[PDB]
Amino acid sequence: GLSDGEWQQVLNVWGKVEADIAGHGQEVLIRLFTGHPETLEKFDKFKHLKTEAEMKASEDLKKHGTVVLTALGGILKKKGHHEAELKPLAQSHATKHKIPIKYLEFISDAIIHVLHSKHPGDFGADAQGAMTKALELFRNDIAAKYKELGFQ
Ligand code: HEM
């Protein structure tokens, strides 16, 4: 549960992402894969990437970063009223991709890391608080659907 002022902060931060969605999406995924190499094994289309240079050179990885962040941005713009947008993603991630909730924690922290890396000094403590709360709400509503499905 976020206040109006917290949502305003989230959507202000998101404007930074929308100015370069592919560059942000690429870096989020590279941070996830290099920090947590087990996550790469869930992607049949990226498992061939052995080095970070190959990851950086991959145009399909940048494409997928755009898909991921476009979906997250659509959810965030709903300011918590995201049941219809979140349900299919929870279902596909539990039943088809088999993504444990832990990996959603990993990517949430990766988003925070990338925002500080690309905007040092321009991602303030209030903005980090609100973004963190928004990602926690997203993860928590997914977790509820995972529990319904019995997925661990
Ligand atoms: C911010 C969190 C995330 C968002 C918004 C997101 C969004 C999406 C979307 C929109 C798709 C395509 C449609 C679909 O299959 O439902 C996708 C595919 C996928 N997601 Fe996620 N995702 C997230 C996190 C993750 C994480 C943490 C992993 C794994 C570590 C992951 C693994 C996958 C895989 C394996 C695919 C299929 C890729 C394919 O082979 O082309 N997702 N995701």
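Below, each value reflects all heavy atoms present in this structure, side chains not excepted, and no hydrogens, waters or symmetry copies. By convention here, the first residue in the shown sequence is residue 1.
Not counting sequence neighbours, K42 has no partner by the salt bridge (charged side-chain N to carboxylate O under 4.0 Å, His left out) test. In terms of the side chain to side chain contact (heavy atoms under 4.5 Å, CB included) criterion, residue partners of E6 (sequence neighbours excluded) are, by chain and number, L2, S3, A130, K133. Legend: residues meeting side-chain hydrogen bond (donor to acceptor under 3.5 Å, both in side chains) with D126, ordered by chain and number and at least two apart, are absent. Every residue meeting the side-chain hydrogen bond (donor to acceptor under 3.5 Å, both in side chains) condition with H116, not counting sequence neighbours, appears here in chain and number order: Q128. For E59, the side chain to side chain contact (heavy atoms under 4.5 Å, CB included) partners at least two apart in sequence or on another chain are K62. Scored by the side chain to side chain contact (heavy atoms under 4.5 Å, CB included) test, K147 finds no partners at all (sequence neighbours excluded). Every side chain to side chain contact (heavy atoms under 4.5 Å, CB included) that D60 has, sequence neighbours left out, goes to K45, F46, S58, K63. For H82, the ring-ring contact (aromatic ring centres under 6.0 Å, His included) test picks out no residue, with sequence neighbours left out. By the salt bridge (charged side-chain N to carboxylate O under 4.0 Å, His left out) test, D4 is found to be paired with no residue, residues two or more places apart in sequence or in another chain being considered.
For residues 127-152, every residue pair satisfying the ring-ring contact (aromatic ring centres under 6.0 Å, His included) rule, not counting sequence neighbours, is listed here: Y146-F151.
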Which atom pairs, one a donor and one an acceptor, fall under 3.5 Å between side chains of residues 18-26 and the rest of the protein, sequence neighbours left out?
| unit_1 | atom_1 | unit_2 | atom_2 | d |
| --- | --- | --- | --- | --- |
| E18 | OE2 | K77 | NZ | 2.7 |
| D20 | OD1 | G23 | N | 3.0 |
| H24 | ND1 | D20 | O | 2.8 |
| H24 | NE2 | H119 | NE2 | 3.0 |
| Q26 | NE2 | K56 | O | 3.0 |

Side-chain donor/acceptor pairs under 3.5 Å, residues 101-111, sequence neighbours excluded:
| unit_1 | atom_1 | unit_2 | atom_2 | d |
| --- | --- | --- | --- | --- |
| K102 | NZ | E105 | OE1 | 3.1 |
| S108 | OG | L104 | O | 2.8 |
| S108 | OG | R139 | NH1 | 3.1 |

